[PDB]
Amino acid sequence: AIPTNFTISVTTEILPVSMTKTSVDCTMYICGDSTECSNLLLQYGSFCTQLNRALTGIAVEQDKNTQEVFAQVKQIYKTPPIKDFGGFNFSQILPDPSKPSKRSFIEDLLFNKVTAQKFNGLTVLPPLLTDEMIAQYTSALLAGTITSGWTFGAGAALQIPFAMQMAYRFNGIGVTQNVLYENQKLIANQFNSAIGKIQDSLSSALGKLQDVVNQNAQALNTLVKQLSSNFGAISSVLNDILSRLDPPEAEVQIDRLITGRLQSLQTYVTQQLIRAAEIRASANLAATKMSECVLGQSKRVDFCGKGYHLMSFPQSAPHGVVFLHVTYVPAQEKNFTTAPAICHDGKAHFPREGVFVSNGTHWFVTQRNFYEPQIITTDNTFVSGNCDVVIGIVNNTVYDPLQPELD
Amino acid sequence: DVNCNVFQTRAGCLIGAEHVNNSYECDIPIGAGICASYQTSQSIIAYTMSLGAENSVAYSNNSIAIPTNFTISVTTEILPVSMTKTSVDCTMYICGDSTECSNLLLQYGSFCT
Amino acid sequence: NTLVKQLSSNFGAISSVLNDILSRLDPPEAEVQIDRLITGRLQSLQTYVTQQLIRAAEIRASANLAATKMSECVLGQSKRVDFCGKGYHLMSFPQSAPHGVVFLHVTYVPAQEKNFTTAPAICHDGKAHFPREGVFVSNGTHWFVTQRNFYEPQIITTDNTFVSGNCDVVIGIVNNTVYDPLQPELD
């Protein structure tokens, strides 16, 4: 079965990058307005050290994963003024110059798609990179891919027309380059129509990015119920017990409140450390595709989408990244009578990269990538032994192109 | 989270740094896109962080850049493999020289396992 | 060093040493103080062991990452873009290190480059000649063919290109006469 028709499709991959940050104090959470609650906590001072150093380790880990996915090169690439690519419309991935933000029309559609606590000590650490620095790193990769392809991520920036960048992608899988020039207008219409199908689908919530915010908000709401918990006492507020009893007798109730809150703190911090392994594993997975699918052409089967990968177009996303791959999946195919080898004058002719086919009347030779009927020549095959050793072999006369060139 | 060389920044309120109209690389991370440094004598100043040099080759359908010179470089990668090992006893750490501390620990014997 | 401070911690008692309490009080009344010391130390043990297990995932993830480059960058040539250094990887030289490993890759990064007038295809006698692995360039006077890897000016021959259709289907195509190396070999 030799493929006779191809279809260009776009694969969208959603992989999270990092999450939010939250710093919790050791003393403020346990005691709000008391003096004797600042005395019994000194005995458990070694527990706050293991918690303060753990919260700082998460803030430096989520910020480090951002510098490994969106920060790959050290050069800023601007958009060229010439918008000529042979027919491929790239106005949807480039940022709008009229709007003050550095985000394109696709980035704003995905940003709006994914839709009081500091009084107790639940503060939020401000991030490093803002919304303008994340969109700038994504715009530099889109401008460098259409002008260089793969030299901007491994060395100096080299200019190259877009008509030649597409031909260099099919040569890595076996497809010839003459098919692109003979059907350049056909792919230009299928590529623009594929963007409209994805645009209409993403405009009508991302489950891979919404669950990240839900798990972070669920952990903050869990500590709210811990504040009103008595942990086997008569009141959760430590000011109500001291206002009705004496210190020497109420010391057994404050100890149960401090010990009960430490169980929730050791569970909340451990829960964030266990979930940090899933974020770190997803960060290295997203950073791998950034340097392989986007930068250059990855030869890994089923890694940069579904099918033969060509190029990629990374986009920005709140607490995540959006991947846009260009796969190559054939469409229609035809069946032909295949021939393993051809015996001529006692010599078995073996092909180099193609295979002999037959339509019922003649015998042609073509590759296993696209239908390209040619003629039987001597420069495309080679002899190897006789015809008595090959199991399956047919018989066909060689045209011999060099013999006429002599008459 | 305190609202306010007085400088009203977006991430907080830094008192002790003069704001300049220039932009350089990031030296000390602060937050919300704030990078502090110690430059010009020299004092602690605050400015807006940069993103690198802005340059791009103009697109042309009749030009190509062919490399004419190469340079061999050596890249050093440092990746850890393993760490140290430490064994902690269940009874010795909890009790050093006592008899009744070897009786109450039997009730919590499932934790040592 | 964290477990050192745990030894002197009272955990809400009067003394961290369990021998000082029994030396001044009676067993039937001091049993409520020993239980608080044992329970307080179990919290540090369940935290120290859990901390080592969580950090073990980062060491295991770094071990499989270092073992991957050992069998790909060092052993053979890995075709993965940006994995065995920065640029085109050739070979590697692993070294030893205390509690770690040192990798020494040999990258291939170009230096200077020149610009030339590129040609997509060449029309001769009504046939469009397409290259196999190179691209036609021009220095302003002649038309040479070379690959996109290194500057190697050659001549226009028939064994390096192939015909595919006419010259009315290609969008961009120039005009240049083929030298035809096989025709002289006959005179």
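Note that chain A carries Swiss-Prot numbering, so the residues on display, from first to last, are 713-827, 852-940, 944-1146.
A Cβ is built for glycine as well, from the same backbone N, Cα and C atoms used for every other residue.
As annotated by Swiss-Prot, N-linked glycosylation site applies to A:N717, A:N801, A:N1074, A:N1098, A:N1134. Among the features that Swiss-Prot reports, disulfide bond is placed at A:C738-A:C760, A:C743-A:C749, A:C1032-A:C1043, A:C1082-A:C1126.
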Cβ packing number for A:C749 (disulfide bond), 10 Å threshold: 18
A:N801, A:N1074, A:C1082 filtered to the recorded positions whose C-alpha is within 10 Å of A:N1134 (N-linked glycosylation site): A:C1082
Which of A:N1074, A:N1098, all glycosylation sites, has a Cβ with the fewest other Cβ atoms inside 10 Å: A:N1074
Count of other CB atoms lying within 10 Å of the CB belonging to A:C1043 (disulfide bond): 25
Cα-nearest neighbour of A:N1098 (N-linked glycosylation site) within the listed recorded positions, A:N717, A:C743, A:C1032, A:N1074, A:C1082: A:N1074
Euclidean distance between Cα atoms of A:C1043 (disulfide bond) and A:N717 (N-linked glycosylation site), Å: 22
Residue pair A:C1032 (disulfide bond), A:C1126 (disulfide bond) - Cα distance, angstrom, rounded: 46
Residues near A:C743 (disulfide bond) in space but at least six apart in sequence (CB under 8 A): A:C749, A:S750, A:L753, A:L977
Mapped DSSP class for A:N1098 (N-linked glycosylation site), helix or strand or coil: coil
Candidates A:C738, A:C1032, A:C1126: member of the disulfide-bonded residues with the richest Cβ shell (10 Å): A:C1032
Around the Cβ of A:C760 (disulfide bond), the count of other Cβ atoms that are within 10 Å: 16
Nearest recorded site to A:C760 (disulfide bond) by CA-CA distance, among recorded positions A:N801, A:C1043, A:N1074, A:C1082: A:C1043
Cα-nearest neighbour of A:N801 (N-linked glycosylation site) within the listed disulfide-bonded residues, A:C738, A:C1043, A:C1082, A:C1126: A:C1043
Recorded positions clustered about A:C1082 (disulfide bond) [Cα within 10 Å; pool: A:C738, A:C1043, A:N1074]: none
Assigned element (helix, strand, coil) containing A:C1082 (disulfide bond), judged by DSSP: strand
